[PDB]
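Structure below is structure.pdb: PDB, C-alpha atoms.
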```
ATOM      1  CA  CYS A  18    -115.065 -62.046  15.336  1.00  0.00           C
ATOM      2  CA  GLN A  19    -115.868 -59.620  12.598  1.00  0.00           C
ATOM      3  CA  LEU A  20    -117.760 -61.110   9.669  1.00  0.00           C
ATOM      4  CA  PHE A  21    -117.710 -58.958   6.525  1.00  0.00           C
ATOM      5  CA  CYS A  22    -116.769 -60.994   3.420  1.00  0.00           C
ATOM      6  CA  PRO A  23    -115.988 -59.141   0.074  1.00  0.00           C
ATOM      7  CA  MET A  24    -116.220 -60.996  -3.293  1.00  0.00           C
ATOM      8  CA  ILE A  25    -112.562 -61.295  -4.411  1.00  0.00           C
ATOM      9  CA  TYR A  26    -110.027 -64.144  -4.873  1.00  0.00           C
ATOM     10  CA  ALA A  27    -107.112 -63.427  -2.559  1.00  0.00           C
ATOM     11  CA  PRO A  28    -105.101 -66.337  -0.872  1.00  0.00           C
ATOM     12  CA  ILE A  29    -103.934 -65.667   2.728  1.00  0.00           C
ATOM     13  CA  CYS A  30    -101.302 -67.460   4.875  1.00  0.00           C
ATOM     14  CA  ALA A  31    -101.770 -67.978   8.643  1.00  0.00           C
ATOM     15  CA  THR A  32     -99.664 -69.978  11.108  1.00  0.00           C
ATOM     16  CA  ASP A  33    -100.577 -71.281  14.570  1.00  0.00           C
ATOM     17  CA  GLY A  34     -97.017 -72.498  15.357  1.00  0.00           C
ATOM     18  CA  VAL A  35     -97.659 -75.600  13.221  1.00  0.00           C
ATOM     19  CA  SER A  36     -97.353 -75.874   9.375  1.00  0.00           C
ATOM     20  CA  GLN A  37     -99.590 -73.119   7.966  1.00  0.00           C
ATOM     21  CA  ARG A  38    -102.605 -73.200   5.680  1.00  0.00           C
ATOM     22  CA  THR A  39    -103.854 -70.940   2.868  1.00  0.00           C
ATOM     23  CA  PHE A  40    -107.465 -69.687   2.643  1.00  0.00           C
ATOM     24  CA  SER A  41    -109.455 -68.240  -0.313  1.00  0.00           C
ATOM     25  CA  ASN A  42    -109.878 -64.843   1.488  1.00  0.00           C
ATOM     26  CA  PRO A  43    -109.157 -63.120   4.964  1.00  0.00           C
ATOM     27  CA  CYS A  44    -112.926 -63.262   5.828  1.00  0.00           C
ATOM     28  CA  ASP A  45    -113.072 -67.063   5.185  1.00  0.00           C
ATOM     29  CA  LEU A  46    -110.227 -67.438   7.722  1.00  0.00           C
ATOM     30  CA  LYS A  47    -111.645 -65.351  10.634  1.00  0.00           C
ATOM     31  CA  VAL A  48    -114.825 -67.501  10.651  1.00  0.00           C
ATOM     32  CA  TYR A  49    -112.727 -70.700  11.045  1.00  0.00           C
ATOM     33  CA  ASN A  50    -111.044 -69.582  14.342  1.00  0.00           C
ATOM     34  CA  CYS A  51    -114.246 -67.924  15.684  1.00  0.00           C
ATOM     35  CA  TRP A  52    -116.324 -71.115  16.236  1.00  0.00           C
ATOM     36  CA  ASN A  53    -113.379 -73.577  16.150  1.00  0.00           C
ATOM     37  CA  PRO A  54    -111.483 -73.012  19.545  1.00  0.00           C
ATOM     38  CA  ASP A  55    -109.393 -76.243  19.227  1.00  0.00           C
ATOM     39  CA  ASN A  56    -107.928 -75.345  15.767  1.00  0.00           C
ATOM     40  CA  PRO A  57    -107.322 -71.464  15.599  1.00  0.00           C
ATOM     41  CA  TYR A  58    -105.141 -69.671  12.979  1.00  0.00           C
ATOM     42  CA  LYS A  59    -102.955 -66.551  13.274  1.00  0.00           C
ATOM     43  CA  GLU A  60    -102.672 -64.220  10.223  1.00  0.00           C
ATOM     44  CA  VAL A  61     -99.089 -63.599   8.987  1.00  0.00           C
ATOM     45  CA  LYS A  62     -99.764 -62.021   5.518  1.00  0.00           C
ATOM     46  CA  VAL A  63    -101.837 -62.337   2.309  1.00  0.00           C
ATOM     47  CA  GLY A  64     -99.861 -64.853   0.213  1.00  0.00           C
ATOM     48  CA  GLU A  65     -98.322 -68.331   0.172  1.00  0.00           C
ATOM     49  CA  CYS A  66     -95.929 -68.762   3.105  1.00  0.00           C
ATOM     50  CA  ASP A  67     -93.689 -71.646   4.249  1.00  0.00           C
ATOM     51  CA  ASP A  68     -92.573 -72.892   7.746  1.00  0.00           C
ATOM     52  CA  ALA A  69     -89.199 -71.063   7.279  1.00  0.00           C
ATOM     53  CA  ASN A  70     -90.925 -67.625   7.453  1.00  0.00           C
ATOM     54  CA  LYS A  71     -91.062 -65.083  10.328  1.00  0.00           C
ATOM     55  CA  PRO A  72     -94.335 -64.657  12.469  1.00  0.00           C
ATOM     56  CA  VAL A  73     -96.246 -61.402  11.809  1.00  0.00           C
TER      57      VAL A  73
END
```
Let me see whether you can do it: turn the structure in this file into structure tokens.
Amino acid sequence: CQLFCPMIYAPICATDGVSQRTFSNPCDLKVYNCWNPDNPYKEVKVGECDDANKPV
């Protein structure tokens, strides 16, 4: 876990095999997986992605 959050509005898409979710910023995402072991997310790209996309 690396916690360094900049003040910018950038949506990011991350998929953990299941239908993906979009966060307000990459730093807001990393914190979620860090202390939440049962519900982790894997970063694909910074955007809005669907379930028909390729894993990055």
May I have the residues within 6 Å of stretch 20-35 of chain A as a ChimeraX atom specification, using all atoms listed in the file and disregarding those fewer than 5 positions away in the same chain?
/A:40-42,44,58-66
Go ahead and write the selection's residues with C-alpha atoms as a PDB file, in the frame of the given file.
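See selection11.pdb below for the written result:
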```
ATOM      1  CA  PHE A  40    -107.465 -69.687   2.643  1.00  0.00           C
ATOM      2  CA  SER A  41    -109.455 -68.240  -0.313  1.00  0.00           C
ATOM      3  CA  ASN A  42    -109.878 -64.843   1.488  1.00  0.00           C
ATOM      4  CA  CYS A  44    -112.926 -63.262   5.828  1.00  0.00           C
ATOM      5  CA  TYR A  58    -105.141 -69.671  12.979  1.00  0.00           C
ATOM      6  CA  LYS A  59    -102.955 -66.551  13.274  1.00  0.00           C
ATOM      7  CA  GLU A  60    -102.672 -64.220  10.223  1.00  0.00           C
ATOM      8  CA  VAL A  61     -99.089 -63.599   8.987  1.00  0.00           C
ATOM      9  CA  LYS A  62     -99.764 -62.021   5.518  1.00  0.00           C
ATOM     10  CA  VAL A  63    -101.837 -62.337   2.309  1.00  0.00           C
ATOM     11  CA  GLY A  64     -99.861 -64.853   0.213  1.00  0.00           C
ATOM     12  CA  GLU A  65     -98.322 -68.331   0.172  1.00  0.00           C
ATOM     13  CA  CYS A  66     -95.929 -68.762   3.105  1.00  0.00           C
TER      14      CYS A  66
END
```
Between atom CA of residue A:55 and atom CA of residue A:73, what is the distance, to one decimal in Å?
21.2 Å
Have a look at atom CA of residue A:38 and atom CA of residue A:56 and let me know their distance in Å, one decimal.
11.6 Å
Atom pair atom CA of residue A:39 / atom CA of residue A:68: separation (Å):
12.4 Å
Minimum-distance residue to residue A:71, chosen among A:48, A:19, A:37, A:43 (using only C-alpha atoms):
A:37
